[PDB]
Structures are given as structure tokens and as C-alpha cells.
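In the C-alpha cells that follow, a single protein chain appears in two forms: structure 1, then structure 2.
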Structure 1
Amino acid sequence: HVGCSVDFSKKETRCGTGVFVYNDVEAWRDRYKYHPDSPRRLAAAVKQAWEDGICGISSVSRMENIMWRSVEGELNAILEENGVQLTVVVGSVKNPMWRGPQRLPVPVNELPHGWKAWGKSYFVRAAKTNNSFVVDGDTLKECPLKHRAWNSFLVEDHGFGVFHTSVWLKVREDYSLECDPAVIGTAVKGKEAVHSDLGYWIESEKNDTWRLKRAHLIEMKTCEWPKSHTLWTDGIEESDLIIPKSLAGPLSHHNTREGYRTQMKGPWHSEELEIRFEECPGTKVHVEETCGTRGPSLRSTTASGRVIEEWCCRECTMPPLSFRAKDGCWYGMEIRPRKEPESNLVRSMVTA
């Protein structure tokens, strides 16, 4: 690729060629054309998976949710044309996106009658039948997560950053637990690294040892970060990763800091998070010795808006770990209230 960057401090214009990594943090929210395989093969795969166990989909990320939403109507029309009584319904996504134990099989042959393109500008609206292929969205009462598909697609060719290009996908032949590597970008330049994909922006730094600076997470996935896109994959103990391995956290030493361990019981039920190492407003944390035992993450404010302004710690280091969500400001598992009892606070009820 060819590119050119600019600095606005004083002046320079550096052009050249190489590897460029951008944020693309909200890459789901944009206009794209999605081509999940072919119109007749996807319908055949769904038809095979219907009477073979799997209820629906447990989409890995939000891009999969949008890809399914943009094609559900056409897929239903094709299924109606083939005389199959199935109806795909797509709902909202919730965090964390729990892993599914099944996958969509690749069909032997396409369905007999159908189309050849995903961009048909007119088709007859499909009717609704009894069967429902629920693609996520609060439908755990009909049938649980144990009968759902997860991580079934691979992106072959894609265009992101641009605003109208097409995205080509295909169904996995085998079962894999790792995240999609086609959309992952990892770069280092001097004393600043980054571990990014379509939903994660992890930043690292080198002050005394390579540690974690901050992280922006619009999704809480559950796949495994591929090791081919990671740095210091050796000599790491999985209990020291700030972002747990079960939440698509890199198996890297750039994901660690002194005095902290895996944040299993964090506020992963939020919609967007920012792991910042700073003190939430109106509060102070001091490294004591008689502080409480490590436990679930507690919000810095009560359920009635009152702010607890005194917290302690046992062996951690400053600045303290804190999660910034929309509802409020949270802390890590190692920081506990210094005077207030544990009962009068809101805890984190989700675990990784």
C-alpha cells in the first residue's frame, strides 16, 4: 500500500509505502454490502442446520449481527421460493456475547430454485411460519445457548475504512475457537504498541516494563485472540492478563501491569468500556495493608447517586484500575471501600 502521514505540531509531510493500521473501532456502524457466501448456499446451510440440532446464531461480534440483519429478508424470500418453512429473525446483541458449542455445516449442494446475487432490488415479501431461526436477541427461553451456532464465518475479501465497498464471507469448514484474523491489526513503533481489530483498541507503553496503557472496547467477545497477531506470546502466565483470555484478550505481556491479575468479575455487562488507569472523580485510593479481600468489581457510586470517596488497596500500584462506562465509573477487583460496608454498593454480577 501507498500512504502519507502529516504532523500538525509544527510541520512535516512524510509519504511512503508500508503497513498502515487505523482505529476502525466502530466499523459495524457504517454502510457496506455484505455477501455471506451465495444466496443459495447459505439457505441450504441454514436448512441443513435447522433439523440437525442448532436453533440459531450466537453472533461473535456486531458485524456478524449486521451481516445477518442485512440478508435475513432475502434469505427468507429464497427459503419461501424453495418451499421451506423457515424464518430468520435478527435481534439486538448483549454483552458479553457468550460462546456457542455448535456451528453451521457446509452444504453438499445448493438449493434447487433461487438466485445468484445478493443485491436483488425487488422481491416479494416473505410470509411468516411457525419455525423461527432466531439469530440472537433475548430468545433463551425457547431453547438455550447449548443449541446455538457461533463462529461459523470467515471473511475472504473485505473493504473497510471506505464507505461503500463489499464484504465477502464464507462458512467455516471446521470448528475453531479463535477470532477472525482478517480484520486484526497489530503494530509497534518505538515504545508504543497496539492490538486492534474491528471492536478492540488496546494500547501499550514502555515506561519501565511493557505494560497496559488503556483500552477501548465497544464489544465483549468470547473468541480467542489469534497468536499470529500478538507480541510476547512466550513466558506469560494467563493469570496476569488484565483482559481475560476468555474475552478475546491477547496472550501478551503488553496486557499486564504490576499488582493486578485477571479481571474475571469485571463490569462486562456494559455496552462500551474504557479500561483507564486513573481515579474516578471525587474519590481517592491509598495503598493500605488491612484492606479487604479481592472481590467483584464495585461501582464508585451507590444506587442512589452517593459517591464513596475513600477506598483502599492491598498490594496494587497507582494509578488504580478503573472501568469507565456510560452509567458510571467502576473499579478493579483489588480496590475495596475503606470505611463503607460492602452491602450498600452495586457489584458486578457477570464473570468471564
Structure 2
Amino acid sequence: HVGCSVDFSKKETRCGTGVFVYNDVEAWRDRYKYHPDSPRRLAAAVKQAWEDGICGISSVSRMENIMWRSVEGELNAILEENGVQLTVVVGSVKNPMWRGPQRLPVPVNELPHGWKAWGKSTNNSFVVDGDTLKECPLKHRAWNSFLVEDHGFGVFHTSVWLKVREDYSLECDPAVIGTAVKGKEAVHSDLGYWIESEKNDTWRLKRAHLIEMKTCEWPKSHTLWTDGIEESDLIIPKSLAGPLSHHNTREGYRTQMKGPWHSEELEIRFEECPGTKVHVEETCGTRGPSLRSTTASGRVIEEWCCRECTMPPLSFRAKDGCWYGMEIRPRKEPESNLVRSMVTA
């Protein structure tokens, strides 16, 4: 592995060997040419899982949604010639993605009918996602059955090779995770997570970027400073793939069990957002659900207080607006005028 860095403003570069972790979290998920296993085995595995009573797949990450979207027509065409009465359908992914207590098995016996590769060109559904949490409840859906083998970058497009798991496990995919710390900034990276840290006086969560709200547990072998942490202080809860690291804590503040998790993407930024002012006093309100600054009528709270949390304030830059932490409360007006956060970890 060889790579080189460039700083445009100074018009110079440094080249050398090492380990490089990139920011794949931006809008580049699509157009990867996904290959969910050899189609000869995938159909047999799906058939056995279905006939065993395990309906549905709960997407572990938006990459899985994109995959199961792209492979829809190919798998549906394979099924008919394969003689299987099924029709896989997909939909928009929700947030956070809840778990399933089962997984797809290896069928052992691939079927006589099957194409070589994915590049070659009813009323029973293996529903994936979308407005059907009850049709094939979480009580019977599969979850975390993939294990990515390879991820390549071609001359113009990427590729991925995939397979099914042999044993059930709660950890997210480690073959794609990347963690890197250098100097006074550390980053935990993933397919959709970008968590940044810093050292003002002690390690704290500077900012984080999220294009998916998972539920799997961050693998411990790709985490920084795992020991001595209590789950009560994780800015991102352990239950939302939050790292079990002291880099994921903030002084004064504690775990955000109730938060904006119904948004599509989150950028956790710690500073007062437009139209609001903050205060610190012992008599400010108690903790609870996080509340928007922007009211349902568009008016903005001008003065805020915190009971005993340190400034700058806690804020989430969700797409639709600014969300404040659990401790920050209105200074003077009743709290009933705001729409609350309606989730829990």
C-alpha cells in the first residue's frame, strides 16, 4: 500500500507508505456493482430460510438496502427458472433499523439451475423494508447474515464480494471498519459512520456524521481505549452501534438515549444554533426528551438554560432543524409548545 497527500493552498505533497482510512460516508453509497453471493447459493439459502418459517430480512445498513434494491429484478428472474414460488420486494429504510433474532443458514446443496454471475442479463414476499414492521414481525426476521469478503475499486467503479455467516453474532461487519488516531484527533469510520474526536483538555466528541442509524454493536477489536467506560456516558448509546470508547463521552453530558433518531442523517455539532441563546443555572429544568429549537409555527426560542451541563451546548444538526440535548430546557416559556423526541435506545 502506497499513497500520497496534497495540500492545495501550499502547492506541495508528501508521499509514503502507511495505512490510509478514507471518508466513504458521503453520498457515494450507490453505483458500487453489488454482488450478494453467487446466485446459485443465494436462492437456495433464501428458499430454505423461507420454508423454515423465517420471513423477511432486516437491513443492517443502508448499503444492504441499496444491495437488496439493485438485486431485486435479477433474483426475481432467477427464482422463476429456479422453480421457487417467491417474490422479493424492498422499500425505503427506516431509522433506527431494529434487529431480528434469526439468520439465514448455508443450504449446503446448491441447486441445478443457476447463472454464473450477476453480470449476465404472486402473493408470497420476502419483504425487506418499508411500512411492514408487523407483516413479518421482528420476531421472525433475519438480521446480520452477511459477511463482506472483499471491496475493490476498478478503473471507474467498485465491487464487493459477499457470503453468508456460519455462526450468529451481534457485531457489525469488521472487514469494512476503519479506525485511525494521529496526534490529537481520532476518527472511527465505517460504511455510514464518521465519528471525530479531539483533545481540548480531555478527549471528547468533537463532531460526528451519520447517514444511518444502526443497532449492531461496534466490534471491540476496532475501538480506541475500550476499558474503564460506563455505558451511561456514551454520547451515542452502545445500542446504536456507538463505540465503547472514552472518545464517545462528554463532560457534564451523558448518554442520549432519547434523541432525534427519526431523522435520515445526523451531524452532531456542539454550539448554539441560530436564533437561540443559552444560560447556566441550578434551577433549570430536568433531563428528558430532546426538544427542537424551531417551534411547530416556526418561531425560535431565544433564551435557554442548562441545569448543570458545561458550555458550549449540545446540538444535533439533523436535516430538518436544530435539536438540543436532554439537559437544555426553555428559560421562561412552558415546554408544551414543542414537539418532543419520541424514541429510546
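Think of the rigid core as the biggest set of C-alphas that the two forms share within 1.5 Å after superposition. Numbers given to residues start at 1 and step along the sequence of structure 1.
Exercise for the section: Please name the single residue among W168, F160, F277, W232 whose Cα shifts by at least 2 Å between the two structures after core superposition. Expected result: Meeting the 2 Å or more criterion is only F160.
Practice task
Superpose the two forms on their rigid core, then report whether the C-alpha of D30 is displaced by 2 angstroms or more between the two structures.
Solution key: After core superposition, the C-alpha of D30 moves 2 Å or more between the two structures.
Exercise for the section: Compare the position of the CA of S9 between the two structures after a rigid core fit and state whether the shift reaches 2 Å. Expected result: Yes, the C-alpha position differs by at least 2 Å between the two structures.
Problem - between the two structures, how far the Cα of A149 shifts once the core is aligned, in Å - result: Displacement of the C-alpha, rigid core superposed: 1.0 Å.
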